[PDB]
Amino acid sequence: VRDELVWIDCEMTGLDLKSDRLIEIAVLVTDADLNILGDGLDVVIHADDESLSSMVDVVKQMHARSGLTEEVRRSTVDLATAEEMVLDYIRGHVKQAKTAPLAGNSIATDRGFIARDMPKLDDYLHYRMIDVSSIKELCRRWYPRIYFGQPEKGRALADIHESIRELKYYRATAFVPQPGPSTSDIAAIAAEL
């Protein structure tokens, strides 16, 4: 029951939903214990030269240096095809609609582009998301040693792998050992709240 997390990372020409284009999407599925269930999928999505010419210089330099911009010019994959490839990959692991949450770092940004451009993928995923950066920001306040001790971080598919490693790290440090507290302790705490 509920043994899949869908990990997605996107790259864009920028973060403005009124004008920027989605140019890369990667997907990996894990079980609930963060074991990777397959090799996943990453797709570079075509954007025309006019769209790419709108990138601010910091993003232009980043996408030039990673080789993404040249891959975008050479891509023959449109939005609808990328959506079908990602959703078919997910449906191989996730059997029910509106069950699997989207997981990643600052995943709301990626979900904004998916909602705009990939409505079928948006509708298939649970509306709830697992933002690893939510846990990062809580540890930053509650457990500074955990925040400063994060494993070192190194394109969509590599970013996903690092998000999974960061959550594994928080599970092992910030979260209680299974099975967690007693049913009576839980009841007492809930009662006060």
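Don't overthink the numbering: it's just position in the shown sequence, from 1.
According to the record, the deposited sequence contains 1 to 3 residues between residue 154 and residue 155 that were left without coordinates. According to the PDB record, 144-152 carries the higher mean C-alpha B-factor of the two stretches 26-34 and 144-152.
Legend: mean Cα B-factor per stretch from the PDB entry, 181-189 versus 168-176; the higher mean is in 181-189. As recorded in the PDB entry, 92 shows the highest C-alpha B-factor of the residues 101, 104, 92, 112. When the C-alpha B-factors of 47, 138, 58, 130 are read from the PDB record, the largest value belongs to 58. The PDB entry assigns residue 9 a C-alpha temperature factor belonging to the lowest third of its chain's modelled residues. Annotation for residue 63: CA B-factor lies in the middle third of the chain's modelled residues. Looking at the C-alpha B-factors along this chain, the one for residue 54 belongs to the highest third.
In the PDB entry, residue 43 places in the middle third of its chain by CA B-factor.
In this PDB entry, the Cα temperature factor of residue 158 sits in the top third of its chain's modelled residues, the highest group.
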